[PDB]
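Visitor: Got a structure for you, questions after.
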Amino acid sequence: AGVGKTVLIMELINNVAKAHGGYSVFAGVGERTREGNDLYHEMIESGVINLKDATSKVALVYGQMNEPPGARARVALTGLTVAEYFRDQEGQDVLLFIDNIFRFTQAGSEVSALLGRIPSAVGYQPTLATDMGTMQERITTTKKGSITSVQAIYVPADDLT
Amino acid sequence: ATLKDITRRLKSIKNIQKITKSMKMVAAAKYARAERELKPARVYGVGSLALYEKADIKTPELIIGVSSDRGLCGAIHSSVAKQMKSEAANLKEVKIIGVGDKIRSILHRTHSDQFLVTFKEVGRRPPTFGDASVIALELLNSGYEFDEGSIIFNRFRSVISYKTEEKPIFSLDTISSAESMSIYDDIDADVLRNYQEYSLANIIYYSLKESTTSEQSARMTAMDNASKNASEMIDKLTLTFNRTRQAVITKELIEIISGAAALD
Amino acid sequence: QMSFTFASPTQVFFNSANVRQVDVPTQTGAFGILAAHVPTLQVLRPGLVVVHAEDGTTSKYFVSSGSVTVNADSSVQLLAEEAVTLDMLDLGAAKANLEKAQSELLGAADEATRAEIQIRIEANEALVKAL
Amino acid sequence: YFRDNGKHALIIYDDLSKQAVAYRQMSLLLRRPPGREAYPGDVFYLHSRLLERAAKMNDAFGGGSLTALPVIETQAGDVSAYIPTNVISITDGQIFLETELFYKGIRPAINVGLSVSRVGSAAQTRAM
Amino acid sequence: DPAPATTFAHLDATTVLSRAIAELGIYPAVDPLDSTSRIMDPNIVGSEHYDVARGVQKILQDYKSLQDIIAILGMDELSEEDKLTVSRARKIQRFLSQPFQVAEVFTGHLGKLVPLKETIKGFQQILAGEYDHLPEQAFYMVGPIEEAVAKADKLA
């Protein structure tokens, strides 16, 4: 984190999405409002966010840790939906920067219990996979463009297995 | 074992790992220095052997193990052990001096009874000439009936190689007087002895140093060895670990469901 | 010439160097062992090693003990127990030791005891000698 | 409140460990799904919302503060425990205290190596 | 797994394999320390068997202690005699390795069955350790040890 993790990301957005005129989405899922805040200005600061231009190469969606898990989770879909706009509609390579797909994951699982479900392994939603599949499968390269998904990955249990 | 236990394990395996590593580099540090230091020395002891080298003085007729006090981190002790037991029958004199008291292990029984002396604090700052002289000195004043002595030590050969040596000691100063050794001048059983003396240390020093070089390097190796080993295991366990780990969790959550929740 | 090995456990000064001469105070005596000696064994008196390399230069060292052994062949090996340059040898100590050395000697004992001093006296002196 | 009164507050939440216990306990009594590690999922949210409520604010708003010192007492290595994990995912850093060190007499205890302040320098005095 | 745990109650002789062993190639590959007939007894089985078995179980077990050690060390520190036994233990292992006819087909390696006495003798000999000098692989996959002896020579 924060190595200029973000700097890099910012930079990435810069490097390609400017260069190759693509677009970017940052869907700050479950993030610290603070961290989105920090980032915000950081983009502002970077000028990648321009406040004089809403063609700051990133559209931001944040669904910080204070919404229903699902809601925060669904900020993910939201971001997707937008990015879909830019791909298909804007014909583009949208970059979908996501932080954290994990937190999403946790969130899916979180509702499940309460959903009276039996959410499988690790407590994880049984549909963990389907959730994943369907979203991931939304991500691709259409003929219209690409949604290149750059997914920030939190290391649950410092493990990935 | 049960995951705890595994960890209990692990903990220490790492510790070990470290520890092994500690020695490894440490040994290597000692070593690192040590090899360099060998130069004048090497040469020097190699020097020591001058004379026989030339005018070779051999009779129809002691022994002395040399090593560290510390274990067989190679086959140091055992090697000499072997070959000295190999010896002991044959007649030299069965006097042994063990540099290294891990000499005094490998041979230690009637090598609680075939020694003249044995040396310790072998390392802990690599041996120096002083020592060689030291060990030389008291050696002199010894009830060797200075036959044909041997010094068996492990002459290091390279980082990865040593050779268990012997050299013979023309402790029979008279062979050292004899023969071809004649052309020699300053020939007095004085400078003779008084070279024998000097060379006893020289050689001693050297040999010893070789031994120790060997010791430090084999140890080095050993100390690596272990630490990779550790690693591997850590790998092995660690899975099994997790797996069980979560597995655990899982079950309880299982239990928690439908055992404590649905039906309890 | 001679492979002159001027070595000390710690220091090799010359290493099989084709040196013309080393003047060499074995306790045998001071001699000018020249390039390629006769089988001879020598005990090093403390003195100087005067290392006439084939170079005009003759190097000083003061030597404590050891052997030079001046071989059947042309190898000369000064195997110096310790042979050091006056450069690093402190007269301030040496003399000081030396007077003292005799002083201590005065309260010394047997052939040996006295010797410990005397040897030293001799030594230190021969350093003092040298410098 | 203080924060909003441009006033600078320090809350020490000591200890959410107990809180969680209670909350679960509560859930269960409510015969309500708890969650992971037998504890409710939105106990995270619980806390999240709680901690989201702590802040460093624009000054314009009095820009007070609510500085939060949550405490969790380890049972060791069970940071893995859901709530610590939670908290970890939330936190601004963690102060690992090393008891062993304490025993060594090293007081402060700190396992410094694992202690972290994610933030670092903004909270730092140039002096420092 | 409790289920097998239970199962055991109904057992009166068991062959507990060791896949662990199996992985080492081995056939037959066993958990020896629970490959049974409950009626393991010097009366029931002859004592020769029995004692030998107890000895075997012993050495192998001891060895079983030791790998772990060896692994966490080398085997060097560990008394060479033990090192010997260790080796023997493998030999015993290898000698336990018994290849079959039906799976000469698989193995490319002869099928074997061994009358007991020759067996008692077999292990007993290895226990007498005279053979020791001879390699593991001589011991591997045989019927009578004799053939193994043969194979050793042949190996040499």
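In order, the protein sequences belong to chains D, G, H, C and E. Under the entry's author numbering, the first residue of the first sequence is numbered 158, with each subsequent residue one higher. Going left to right, the second sequence walks through residues 1 to 61, 67 to 96, 101 to 273 as the entry's author numbering numbers them. Under the entry's author numbering, the first residue of the third sequence is numbered 15, with each subsequent residue one higher. Under the entry's author numbering, the first residue of the fourth sequence is numbered 256, with each subsequent residue one higher. Under the entry's author numbering, the first residue of the fifth sequence is numbered 319, with each subsequent residue one higher. Every residue, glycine too, gets a C-beta built ideally from N, C-alpha and C.
Compare the Cα-Cα distances from residue 307 (chain C) to each of C:354, C:280, C:363 and C:342 and report the closest residue.
Guide: Along the fourth sequence, read from residue 1 onward, the residue named residue 307 (chain C) stands at position 52. Closest in C-alpha terms to residue 307 (chain C), from the list C:354, C:280, C:363 and C:342, comes C:342.
Visitor: Kindly say whether residue 260 (chain E), judged by its beta-carbon, lies nearer than 8 Å to any beta-carbon of chain G.
Guide: What the structure shows of chain E is the stretch from 319 to 474, and residue 260 (chain E) is not part of that stretch, so it cannot be assessed.
Visitor: Return the CA-CA distance between residue 265 (chain C) and residue 325 (chain C), expressed in angstroms with no decimal places.
Guide: Here residue 265 (chain C) refers to the residue found at position 10 when the fourth sequence is read from its first residue. Here residue 325 (chain C) refers to the residue found at position 70 when the fourth sequence is read from its first residue. Roughly 10 Å separates the two Cα atoms.
Visitor: Give a yes or no on whether the minimum CB-CB distance between residue 265 (chain G) and chain C is below 8 Å.
Guide: The residue labelled residue 265 (chain G) in the question sits at position 256 within the second sequence. Closer than 8 Å to some Cβ of chain C, the Cβ of residue 265 (chain G) qualifies, so yes.
Visitor: Can you tell me the Cα-Cα spacing of residue 43 (chain G) and residue 466 (chain E), whole angstroms?
Guide: Position 43 of the second sequence, counted from the start, is the residue given in the question as residue 43 (chain G). Position 148 of the fifth sequence, counted from the start, is the residue given in the question as residue 466 (chain E). Straight-line Cα distance between these residues: approximately 53 Å.
Visitor: How many Å lie between residue 163 (chain G) and residue 33 (chain G) at the Cα?
Guide: Taking the first residue of the second sequence as position 1, residue 163 (chain G) is located at position 154. Taking the first residue of the second sequence as position 1, residue 33 (chain G) is located at position 33. Roughly 19 Å separates the two Cα atoms.
Visitor: With residue 372 (chain C) and residue 348 (chain C) assumed to form a contact (beta carbons below 8 Å), what rounded beta-carbon distance in angstroms separates them?
Guide: For the purposes of this step, residue 372 (chain C) is identified with residue 117 of the fourth sequence, where counting begins at 1. For the purposes of this step, residue 348 (chain C) is identified with residue 93 of the fourth sequence, where counting begins at 1. The pair is a contact, with the Cβ atoms about 4 Å apart (cut-off 8 Å).
Visitor: What distance in whole Å lies between the Cβ atoms of residue 22 (chain H) and residue 97 (chain H), which are believed to be in contact at a cut-off of 8 Å?
Guide: One-based indexing of the third sequence puts residue 97 (chain H) at position 83. One-based indexing of the third sequence puts residue 22 (chain H) at position 8. About 5 Å; that satisfies the 8 Å criterion.
Visitor: Identify every residue that forms a DSSP beta bridge with residue 75 (chain H).
Guide: Stepping through the third sequence from its first residue, residue 75 (chain H) is reached at position 61. According to DSSP, residue 75 (chain H) bridges with H:63.
Visitor: Taking residue 407 (chain E) and residue 377 (chain E) to be in contact with their CB atoms under 8 Å, please state how far apart those CB atoms are, rounded to whole angstroms.
Guide: Here residue 407 (chain E) refers to the residue found at position 89 when the fifth sequence is read from its first residue. Here residue 377 (chain E) refers to the residue found at position 59 when the fifth sequence is read from its first residue. Going by Cβ atoms, the distance from residue 407 (chain E) to residue 377 (chain E) rounds to 6 Å, so yes, they are a contact pair.
Visitor: Going along chain G, which residues have a C-beta under 8 Å from residue 293 (chain C)?
Guide: To locate residue 293 (chain C), count along the fourth sequence from 1; it is residue 38. Identification of chain G residues near residue 293 (chain C) by a Cβ-Cβ cut-off of 8 Å yields 261, 262 and 265, ordered along the chain.
Visitor: In angstroms, rounded to a whole number, what distance separates the CA positions of residue 364 (chain C) and residue 16 (chain G)?
Guide: Residue 364 (chain C) sits at position 109 when you count from the first residue of the fourth sequence. Residue 16 (chain G) sits at position 16 when you count from the first residue of the second sequence. Straight-line Cα distance between these residues: approximately 24 Å.
Visitor: Between the segment 42-50 of chain H and the segment 85-102 of chain H, are three or more C-beta pairs nearer than 8 Å?
Guide: Touching, per the Cβ criterion.
Visitor: Please return the same chain residues whose Cβ sits closer than 7 Å to the Cβ of residue 40 (chain H), not counting the five positions on each side in sequence.
Guide: For the purposes of this step, residue 40 (chain H) is identified with residue 26 of the third sequence, where counting begins at 1. Within its own chain, the residues whose Cβ lies closer than 7 Å to the Cβ of residue 40 (chain H), once the five positions on either side in sequence are excluded, are 56, 57, 58, 59 and 82, listed in chain order.
Visitor: Tell me which residues share the same chain as residue 114 (chain D) and place their Cβ nearer than 7 Å to its Cβ, disregarding the 5 neighbours each side in the sequence.
Guide: Beyond the ends of chain D as shown, which are 158 and 318, falls residue 114 (chain D); an answer cannot be given.
Visitor: How is residue 142 (chain G) classed by DSSP in three states: helix, strand or coil?
Guide: For the purposes of this step, residue 142 (chain G) is identified with residue 133 of the second sequence, where counting begins at 1. The answer is helix: DSSP assigns residue 142 (chain G) an H, G or I state.
Visitor: Give a yes or no on contact between the segment 212-230 of chain G and the segment 137-153 of chain G, applying the rule of three or more CB pairs nearer than 8 Å.
Guide: yes
Visitor: With a threshold of 8 Å between beta-carbons, can residue 311 (chain D) be considered close to chain C, or not?
Guide: On the first sequence, position 154 is the one that residue 311 (chain D) refers to. With 8 Å as the cut-off, residue 311 (chain D) counts as an interface residue toward chain C.
Visitor: Hey, is residue 85 (chain H)'s beta-carbon within less than 8 Å of any beta-carbon in chain G?
Guide: What you label residue 85 (chain H) is simply residue 71 of the third sequence in a count that begins at 1. Closer than 8 Å: yes.
Visitor: If you measure between the beta carbons of residue 236 (chain G) and residue 54 (chain G), is that distance less than 8 Å?
Guide: Within the second sequence, residue 236 (chain G) is the residue found at index 227, counting from 1. Within the second sequence, residue 54 (chain G) is the residue found at index 54, counting from 1. Not a contact, by the Cβ cut-off of 8 Å.
Visitor: Grab the span of the beta strand (DSSP E) containing residue 252 (chain D) for me, first residue to last.
Guide: Start at 1 with the first residue of the first sequence, and residue 252 (chain D) comes out as number 95. Taken as a continuous stretch (DSSP letters only), the beta strand (DSSP E) holding residue 252 (chain D) covers 250-256.
Visitor: In terms of residue numbering, what span does the alpha helix (DSSP H) encompassing residue 240 (chain D) cover?
Guide: Locating residue 240 (chain D) in the first sequence gives position 83, counting from the first residue. It spans 226-241 - the alpha helix (DSSP H) in which residue 240 (chain D) sits, taken as one unbroken run.
Visitor: Apart from the five residues just before and just after residue 280 (chain D), which ones in its own chain have a Cβ nearer than 6 Å to its Cβ?
Guide: Here residue 280 (chain D) is taken as the residue at index 123 of the first sequence, counted from 1. Around residue 280 (chain D): 266.
Visitor: Alpha carbon to alpha carbon, how far is residue 214 (chain D) from residue 180 (chain D)?
Guide: Here residue 214 (chain D) is taken as the residue at index 57 of the first sequence, counted from 1. Here residue 180 (chain D) is taken as the residue at index 23 of the first sequence, counted from 1. Whole-angstrom Cα-Cα distance: 6 Å.
Visitor: So residue 322 (chain C) is in the alpha helix (DSSP H); what residue range does that whole segment cover?
Guide: Translated into positions along the fourth sequence, residue 322 (chain C) becomes position 67. Element bounds for residue 322 (chain C): not the alpha helix (DSSP H) but the beta strand (DSSP E), 320-326.
Visitor: Secondary structure at residue 401 (chain E), three-state DSSP: helix, strand or coil?
Guide: For this step, residue 401 (chain E) is matched to residue 83 along the fifth sequence. Reduced to three states, the DSSP call for residue 401 (chain E) is helix.
Visitor: For residue 137 (chain G), name the three-state secondary structure that DSSP assigns.
Guide: Here residue 137 (chain G) corresponds to residue number 128 of the second sequence, with the count starting at 1. If DSSP states are grouped into helix, strand and coil, residue 137 (chain G) belongs with coil.
Visitor: When the Cα atoms are used, what is the spatial distance from residue 129 (chain H) to residue 204 (chain G)?
Guide: Stepping through the third sequence from its first residue, residue 129 (chain H) is reached at position 115. Stepping through the second sequence from its first residue, residue 204 (chain G) is reached at position 195. Looking at the two C-alpha atoms, the distance is approximately 20 Å.
Visitor: Under the three-state reduction of DSSP, which class applies to residue 218 (chain D): helix, strand or coil?
Guide: The residue you call residue 218 (chain D) lines up with position 61 of the first sequence. Strand, per DSSP.
Visitor: Spell out whether any CB of chain C is found under 8 Å from the CB atom of residue 234 (chain D).
Guide: Here the question's residue 234 (chain D) lines up with position 77 in the first sequence. Between residue 234 (chain D) and chain C, the shortest Cβ-Cβ separation is not below 8 Å.
Visitor: Is it true that the CB of residue 80 (chain G) sits closer than 8 Å to the CB of residue 228 (chain G)?
Guide: What you label residue 228 (chain G) is simply residue 219 of the second sequence in a count that begins at 1. What you label residue 80 (chain G) is simply residue 75 of the second sequence in a count that begins at 1. No, the Cβ-Cβ distance between residue 228 (chain G) and residue 80 (chain G) is not below 8 Å.
Visitor: Quick test of the definition: if touching needs 3 or more C-beta pairs under 8 Å, does the segment 102-111 of chain G touch the segment 143-161 of chain G?
Guide: yes
Visitor: What are the uninterrupted segments assigned as alpha helix (DSSP H) that are 4 or more residues long and contained completely in the segment 413-457 of chain E, given in chain order?
Guide: 422-425, 434-446 and 454-457
Visitor: What are the boundary residues of the alpha helix (DSSP H) that residue 133 (chain H) is part of?
Guide: Residue 133 (chain H) sits at position 119 when you count from the first residue of the third sequence. Here the alpha helix (DSSP H) through residue 133 (chain H) covers 125-144.
Visitor: Going by DSSP, what residues sit across from residue 269 (chain C) in a beta bridge?
Guide: Taking the first residue of the fourth sequence as position 1, residue 269 (chain C) is located at position 14. Answer is C:326, bridged to residue 269 (chain C).
Visitor: List, in order along the chain, the chain H residues whose C-beta lies closer than 7 Å to that of residue 40 (chain G)?
Guide: On the second sequence, residue 40 (chain G) is found 40 positions in, with the first residue counted as 1. 21, 22, 23, 24, 25 and 26, listed in chain order.
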